[PDB]
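Student: Residue numbers (the working numbering), protein chains in the order written: chain A, 682 to 869; chain B, 56 to 107; chain C, 311 to 418; chain D, 311 to 418; chain E, 2 to 107; chain F, 15 to 184; chain G, 30 to 48; chain H, 30 to 48; chain I, 4 to 288; chain J, 4 to 288.
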Amino acid sequence: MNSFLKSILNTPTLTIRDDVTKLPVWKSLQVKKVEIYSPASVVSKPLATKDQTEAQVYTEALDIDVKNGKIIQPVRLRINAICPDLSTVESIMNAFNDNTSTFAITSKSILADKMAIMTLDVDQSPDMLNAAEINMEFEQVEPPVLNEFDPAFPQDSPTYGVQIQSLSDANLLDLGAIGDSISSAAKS
Amino acid sequence: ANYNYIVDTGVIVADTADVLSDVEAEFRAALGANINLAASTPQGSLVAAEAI
Amino acid sequence: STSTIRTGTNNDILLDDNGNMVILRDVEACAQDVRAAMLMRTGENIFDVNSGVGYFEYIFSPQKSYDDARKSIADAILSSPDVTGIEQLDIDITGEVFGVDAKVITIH
Amino acid sequence: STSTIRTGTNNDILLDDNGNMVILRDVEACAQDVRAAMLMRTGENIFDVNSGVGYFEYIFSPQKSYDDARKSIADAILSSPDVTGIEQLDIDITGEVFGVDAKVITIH
Amino acid sequence: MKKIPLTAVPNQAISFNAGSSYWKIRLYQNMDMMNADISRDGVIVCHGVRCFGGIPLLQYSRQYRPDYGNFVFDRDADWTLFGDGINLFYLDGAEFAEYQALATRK
Amino acid sequence: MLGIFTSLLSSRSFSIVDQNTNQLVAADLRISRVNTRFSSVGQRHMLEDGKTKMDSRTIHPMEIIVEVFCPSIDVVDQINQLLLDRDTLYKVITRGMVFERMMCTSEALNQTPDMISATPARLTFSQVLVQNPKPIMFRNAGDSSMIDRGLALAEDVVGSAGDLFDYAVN
Amino acid sequence: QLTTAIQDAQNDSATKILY
Amino acid sequence: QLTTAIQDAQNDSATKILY
Amino acid sequence: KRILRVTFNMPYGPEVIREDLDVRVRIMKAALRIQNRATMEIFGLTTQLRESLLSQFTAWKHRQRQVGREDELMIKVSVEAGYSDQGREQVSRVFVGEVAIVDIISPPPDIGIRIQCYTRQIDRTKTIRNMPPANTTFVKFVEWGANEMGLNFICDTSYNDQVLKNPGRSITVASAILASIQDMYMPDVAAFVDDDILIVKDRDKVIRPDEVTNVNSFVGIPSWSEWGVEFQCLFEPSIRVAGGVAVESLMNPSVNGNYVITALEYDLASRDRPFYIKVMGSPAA
Amino acid sequence: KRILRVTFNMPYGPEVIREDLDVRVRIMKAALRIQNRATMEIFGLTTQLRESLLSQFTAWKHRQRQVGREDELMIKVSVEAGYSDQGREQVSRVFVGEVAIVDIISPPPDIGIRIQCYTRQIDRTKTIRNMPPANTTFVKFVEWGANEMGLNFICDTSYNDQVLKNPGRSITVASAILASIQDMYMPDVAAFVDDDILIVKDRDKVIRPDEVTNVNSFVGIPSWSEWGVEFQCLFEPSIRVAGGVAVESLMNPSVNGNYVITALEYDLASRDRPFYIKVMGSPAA
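1. Under 9 Å between beta-carbons, which chain E residues line up against residue 14 of chain I? List them in chain order, please.
2. Between the Cα of residue 163 of chain J and the Cα atoms of J:98, J:150, J:145, which residue gives the shortest distance?
3. Would you mind listing the beta strand (DSSP E) stretches within the region 711-744 of chain A that are 3+ residues and don't spill past its ends, in chain order?
4. In angstroms with no decimal places, state the Cα-to-Cα distance between residue 346 of chain C and residue 316 of chain C.
5. How should residue 95 of chain E be labelled, buried or exposed, when 16 other C-beta atoms within 10 angstroms of its C-beta is the threshold for buried?
6. Let me see if you follow: with CB-CB separation under 8 Å, is residue 6 of chain E close to chain A or not?
7. Rounded to the nearest angstrom, what separates residue 767 of chain A and residue 714 of chain A at their Cα positions?
8. For residue 196 of chain J versus residue 265 of chain J, is the C-beta distance shorter than 8 Å?
9. Given a cut-off of 8 Å, decide if residue 244 of chain J and residue 216 of chain J are closer than it, judged by their beta-carbon atoms.
10. Does DSSP classify residue 357 of chain D as helix, strand or coil?
11. What does the Cβ neighbour count give for residue 16 of chain E, buried or exposed, with the cut at 16 atoms within 10 Å?
12. Can you confirm whether residue 50 of chain E, when its beta carbon is compared against all beta carbons of chain B, has any partner nearer than 8 Å?
13. Using a 10 Å radius around the Cβ and a threshold of 16 neighbouring Cβ atoms, would you call residue 48 of chain H buried or exposed?
14. Do three or more CB pairs link the region 270-288 of chain I to the region 32-42 of chain J at distances below 8 Å?
15. Scan the region 62-98 of chain B and note each continuous alpha helix (DSSP H) run of 4 residues or more that stays entirely inside, going in chain order.
16. According to DSSP, which residues form a beta bridge with residue 236 of chain J?
17. Kindly indicate if chain I contains any beta-carbon less than 8 Å away from that of residue 43 of chain H.
18. Helix, strand or coil for residue 100 of chain E? Go by DSSP, reduced to three states.
19. From which residue to which residue does the alpha helix (DSSP H) around residue 860 of chain A run?
20. Using DSSP with H/G/I as helix, E/B as strand and the rest coil, what is residue 795 of chain A?
21. The alpha helix (DSSP H) with residue 64 of chain J in it runs from where to where?
22. Just by C-beta distance, which residues in the region 60-90 of chain B are closer than 7 Å to chain F?
23. If we call anything under 8 Å between Cβ atoms a contact, is residue 395 of chain C one with residue 402 of chain C?
24. I'd like to confirm the pairing. Which residues does DSSP put opposite residue 108 of chain I in its beta bridges?
25. Let me know if residue 41 of chain F comes out buried or exposed under the rule of 16 or more other beta-carbons within 10 Å of its beta-carbon.
26. Find out if the Cβ-Cβ distance for the pair residue 118 of chain J, residue 60 of chain J is shorter than 8 Å.
27. Along chain D, in chain order, which residues have C-beta atoms closer than 9 Å to that of residue 833 of chain A?
28. Restricting to Cα atoms, I'd like to know which of J:6, J:31, J:62, J:17 is closest to residue 43 of chain G.
29. Going by C-alpha distance, which of B:84, B:106, B:85 is nearest residue 94 of chain B?
30. According to the Cβ coordinates, are residue 178 of chain I and residue 257 of chain J closer than 8 Å?
31. For the region 43-68 of chain F, which residues have a CB atom closer than 8 Å to at least one CB atom of chain I, in sequence order?
32. How is the beta strand (DSSP E) around residue 137 of chain F delimited, first residue to last?
33. Using the rule of at least 16 other Cβ atoms within 10 Å of the residue's Cβ for burial, across every protein chain shown, is residue 1 of chain J buried or exposed?
34. Near residue 143 of chain J, what residues of its chain come up, given a Cβ to Cβ distance below 8 Å and the 5 sequence neighbours on each side ignored?
35. By Cβ distance below 6 Å, which residues in the same chain neighbour residue 231 of chain I in space, the five residues on each side in sequence not counted?
36. Could you say which of I:115, I:102, I:80, I:11 lies nearest to residue 25 of chain I if we only look at CA atoms?
Okay, here's the thing in structure tokens:
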């Protein structure tokens, strides 16, 4: 029951980081249960088959059909915790109310990433006069697809085509071309 | 049943599935309408031989 | 209504006294066909490949379970026409003997 | 079917006895590629950057929990083609050694 | 020169509109070569054409004339190396005439 | 259940054998319960006089729900790639009950203070319905039934006839 | 739905001249 | 399904464009 | 055990889609000039089958190209449905026609196509090869139309020996022939095409009087209608369009009598509940 | 983080309805003579906003009164949709048109309006101010039509140098101009109006060879059709009508190729799941 003697490679420490700033958020958030549901969807209607072919030429066809017939639904977590401080709860409600919020929940050994809050329940009961029991739910916005990508430098980036539609006229202290020429001749 | 696999525009060769089906139909018409043409039975062995 | 040329225990064509070929029908034909299908090693039919009993990959090997062998024997028995099901597939082992007994419930 | 130029422990191109370059295919190529991918510090690809092992942020630093190091190594291993998955990954730590042991289950 | 898409299967058939005509080629492994059945506009043109590298598939003037085109394998046909390594190219009338002109002095 | 010997005091009960490469996977799960529920649907048809003809029956795919304990992170990752493995079918052998053409539909880990070392996990597989349960194959590599590719719209390349000729010469 | 299509059909048959 | 009826009220178009 | 097959016709051959795949065929036929429709949703298509079918189904090669002189322009598909028990089959034919529309209703993981076929979608025919009669009788104009369309005909009407001055030289394509035969004399005698048979008859007469279908079992209740009796039934491979029916009901005793058929609504689902045919019928004279 | 704006134009100014309110815009554009339409379901309207908007939207003051010589007869509204993350915006323009119908779909406690906007609903024009050319070529008639409608034109076709006698002297209003340009030469070359640009081009050509859109991510599956490839996608602010697409699919490998766009199915819901655009495309030449 000495709980500080945690394992080295399977440490039971929930660490909710923030993908924007990569800093641990909502510390002092004593966790009581973590459930990770990872669903999927398989074919329901019988798949067609084309027999009277050979060994191993049916195999890759079936493999492609199978890889084509399942759809992976995102991961969800359901954290049950006990907030001891008002600051943690105010931050949790603010993060929930913020539309743009991606975090990285790390359970005992999972590193579920790109995860956003769906539901947030705060229960205040007469048996927990200080602290309040919290029940949060998280959903994966985007699976960690490895962005191979053309990195490390501003050049070498791919062209992104912003198809503009209507150009505005002008503003500021500009009188057509003489205004433009004065602005340019200012060397600023 | 063999059709004309020679014809004039070169030899027309069909799939072994079609050839085996033709041999199976011949054997079914010859021996019996409901004969077990399984590969482990003597008639099935003869069918496989005439399919090769 | 299965029918099969009558064969002996040596498993060739065995003729009658008149020098004819007997065409067993229904019950005896199905029994002979099941016995023949249980004696066929897998990968022996070049037109089915996957058919046949796994006598070397599921039996006769230092294996962990014989449930794969049970599945293979059941599939081989059911593959024969007019078999429907297996009432009992008793599988007993003596020191070496891999005894198998079937109770096929052929309809005809 | 992966293919890779034969390299030694020094990580250079190691030629054969006739001064040719041997192209390993399948299992040996996958093993060499996994080993090479586990030695690349993160940010060394100016064409991936995000790829590689974080030897200086997860390992080699006063890191509280080695789960991040485990996931970084697992991602680096799985990045190699035809690796499918990892059977076992031990992260035993001796006095000053961060011993890692993988059991890749490459298809071929 | 139009490469015809192919897949690494032993025996297959592909139909397409090339050179203002409806071509259909059935390629199959026969013993230890590849044979091709070629049909243009429904009516079959040839059966059992043994396939070879550089050698045109349609070989009699009754088939590839006038300006119908022809099919050429860069290497000896092998379905195991279909898709990559081995290709089938379609030549129009003028381009096939040029290919034959280069081919008659080799 | 009965029906088979073992005469062998080391038979493992549960097995998840990958169909391709015919290898074991997740060979360290501590199974706790298996539930293999079948399913099928009727076509009740009331008709005029007080009566309802059931017509025929459609066999819905089999589902298996397995409660297990994962004792190691490697096993947990094996289950995760089992769920994420979209291109292989698995064969589940629970107790003399072989099931082929099976893929992981769902999976749920549970981390609670009742199990701090291991993690309970509920896996659910569902059978992939196939038109032919038993397919017909062939031994040699020459004699497939032909497969038709339909209209292809032959794509365009530029090499001129001279390049093709030099290629054939080489 | 179909009421949208009905409204569309009606709007087609409105022009600036009565005859 | 009104979509099938929409797809049916399009078949009245022969090869004649007449135009 | 319902047994439903969709049999296409392509250069490779017929590729029968069986009832093991999830198939749903809604056929709607009637005694009109309109082409009878069949909407069939087929799920469980493999990649190879999809490429072999959907690529052939197209509306090109006759608009921006030529590739056309006869059939093979569009794929002709038939539907064979019925029951099967104790080893005996009942697979009759319920539709023959060419595809016109291709789509997908259900996205992955069940990639299921939905294709739309109409009977006699070869309307882009040889722009009337043989000229229509100058002055002739109705029966002979009907015979000319049937010969032009290539279909055998059943002409049974009291208007046959009525001369028409100038019967249909404004016709542009083969399909409009049916519309013309429908246009002239259209209080009762409406001509239609059922499968490959062109039927021209009075609306109150039966094609085959000896082929009445005694009906005793219905789904629901055989109810009255504006014209005759309307009722749904389980699939019986003996009920055609414009055939004779001998309704003998229990819930409704007043609807008993002999009726001819005007409209038919097949809804056949191998892997779903609806396997019924709905019959519109009118009193038979 | 979807960002959707409905921007009206009223005497007070532009009153932008943002994505915070429950908005749902269903647009359907196509390469035809018909005006592309947008249905708009907007909830959470206050009493003042309802008074400002619905009272302005009316079909009066041009039938039982006069109050009309130019625009301001009916309110013109544009739609700017897109995505936004990390601070950068992607708000393109997806529809420009005038309202014609307004109704209420949801009663209290959420008074939700549903308006119906059509492109170029200003057909209440100066009844053709300038007379059409007496004899002229197709390109010049198209230029006259574009000038009369006030829209810039993109005329790219092989039928431009074809003369016409009386090209549209029965035209009554500005809208009928597009119907006429569509009416003549309708095997392939269908003219349409996309936003404020009148496009007259062949159906098998891309308005813009340099503006092909490489598509690799699809929702569902990129499928075949009786014409070309049909596929749905998440909102990309670079896909117009009649544009070129470079489909590169995974599920269906043979639908890959270059296609032109014929139809477009925008369904944008800020506070609901559907945020997709469906593309009908045909082979491009």
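Quick reminder that beta carbons are idealized off the backbone N, C-alpha and C, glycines included.
Tutor: Checking against the coordinates, here is how it stands:
1. Position 11 of the ninth sequence, counting from 1, holds the residue named residue 14 of chain I. Simply 14, 16, 25, 40, 43.
2. As a position in the tenth sequence, residue 163 of chain J is number 160, starting the count at 1. Closest option to residue 163 of chain J, Cα to Cα, is J:145.
3. 712-722
4. As a working note, residue 346 of chain C is residue 36 in the third sequence. As a working note, residue 316 of chain C is residue 6 in the third sequence. Taking the straight line from one Cα to the other gives about 12 Å.
5. If you number the fifth sequence from 1, residue 95 of chain E lands on position 94. Per the 10 Å Cβ criterion, exposed.
6. The count along the fifth sequence starts at 1 and reaches residue 6 of chain E at position 5. It does not; no Cβ of chain A falls within 8 Å.
7. In the first sequence, counting from the first residue as 1, residue 767 of chain A sits at position 86. In the first sequence, counting from the first residue as 1, residue 714 of chain A sits at position 33. Going from the Cα of residue 767 of chain A to the Cα of residue 714 of chain A covers about 21 Å.
8. Reading the tenth sequence from its first residue, position 193 is the one you call residue 196 of chain J. Reading the tenth sequence from its first residue, position 262 is the one you call residue 265 of chain J. No. Outside cutoff.
9. The sequence position of residue 216 of chain J within the tenth sequence is 213, counting from 1. The sequence position of residue 244 of chain J within the tenth sequence is 241, counting from 1. No, Cβ-Cβ distance for residue 216 of chain J and residue 244 of chain J is not below 8 Å.
10. For the purposes of this step, residue 357 of chain D is taken as residue 47 along the fourth sequence, with counting starting at 1. In the structure shown, residue 357 of chain D sits in coil (DSSP, three-state: anything other than H, G, I, E or B).
11. Taking the first residue of the fifth sequence as 1, we reach residue 16 of chain E at position 15. Under this definition residue 16 of chain E is a buried residue.
12. Here residue 50 of chain E refers to the residue found at position 49 when the fifth sequence is read from its first residue. With 8 Å as the cut-off, residue 50 of chain E counts as an interface residue toward chain B.
13. Within the eighth sequence, numbered from 1, the residue matching residue 48 of chain H stands at position 19. Counting Cβ neighbours within 10 Å, residue 48 of chain H comes out exposed, since fewer than 16 surround it.
14. These segments do not touch.
15. 71-85
16. The sequence position of residue 236 of chain J within the tenth sequence is 233, counting from 1. Beta-bridge pairing links residue 236 of chain J to J:280.
17. By one-based count along the eighth sequence, residue 43 of chain H stands at place 14. Yes, residue 43 of chain H counts as interfacial toward chain I.
18. Here residue 100 of chain E corresponds to residue number 99 of the fifth sequence, with the count starting at 1. It is helical.
19. In the first sequence, counting from the first residue as 1, residue 860 of chain A sits at position 179. It spans 857-866 - the alpha helix (DSSP H) in which residue 860 of chain A sits, taken as one unbroken run.
20. What you label residue 795 of chain A is simply residue 114 of the first sequence in a count that begins at 1. In the structure shown, residue 795 of chain A sits in a strand (DSSP, three-state: E or B).
21. Counted from its first residue, the tenth sequence places residue 64 of chain J at position 61. Segment: none, residue 64 of chain J is in no alpha helix (DSSP H) and carries neither H nor E.
22. Flagged, chain order: 70, 71, 72.
23. Position 85 of the third sequence, counted from the start, is the residue given in the question as residue 395 of chain C. Position 92 of the third sequence, counted from the start, is the residue given in the question as residue 402 of chain C. Against a cut-off of 8 Å, the Cβ pair of residue 402 of chain C and residue 395 of chain C comes out as no contact.
24. The residue given as residue 108 of chain I occupies position 105 in the ninth sequence. None; residue 108 of chain I has no bridge partner.
25. Position 27 of the sixth sequence, counted from the first residue, corresponds to residue 41 of chain F. Residue 41 of chain F is exposed by the Cβ-count criterion.
26. Here the question's residue 118 of chain J lines up with position 115 in the tenth sequence. Here the question's residue 60 of chain J lines up with position 57 in the tenth sequence. Yes; because the gap between Cβ atoms is below 8 Å, this pair is in contact.
27. In the first sequence, residue 833 of chain A corresponds to position 152, counting from 1. Residues of chain D with a Cβ closer than 9 Å to the Cβ of residue 833 of chain A are, in chain order, 353, 355, 356, 357, 358, 359.
28. Position 14 of the seventh sequence holds residue 43 of chain G. When C-alpha distances from residue 43 of chain G are compared across J:6, J:31, J:62, J:17, the shortest belongs to J:62.
29. Along the second sequence, read from residue 1 onward, the residue named residue 94 of chain B stands at position 39. The shortest Cα separation from residue 94 of chain B among B:84, B:106, B:85 belongs to B:106.
30. One-based indexing of the ninth sequence puts residue 178 of chain I at position 175. One-based indexing of the tenth sequence puts residue 257 of chain J at position 254. Not in contact: residue 178 of chain I and residue 257 of chain J (Cβ atoms no closer than 8 Å).
31. 57, 58, 59, 60, 61, 62, 63, 67
32. Taking the first residue of the sixth sequence as position 1, residue 137 of chain F is located at position 123. Bounds of the beta strand (DSSP E) holding residue 137 of chain F are 133-141.
33. The structure shown does not extend to residue 1 of chain J, since chain J is modelled only from 4 to 288, so the question has no answer here.
34. Within the tenth sequence, the letter at position 140 stands for residue 143 of chain J. These residues qualify, in order along the chain: 136.
35. Within the ninth sequence, residue 231 of chain I is the residue found at index 228, counting from 1. Correct list, in chain order: 262, 284, 285, 286.
36. Looking up residue 25 of chain I in the ninth sequence gives position 22. Per the Cα distances, I:115.
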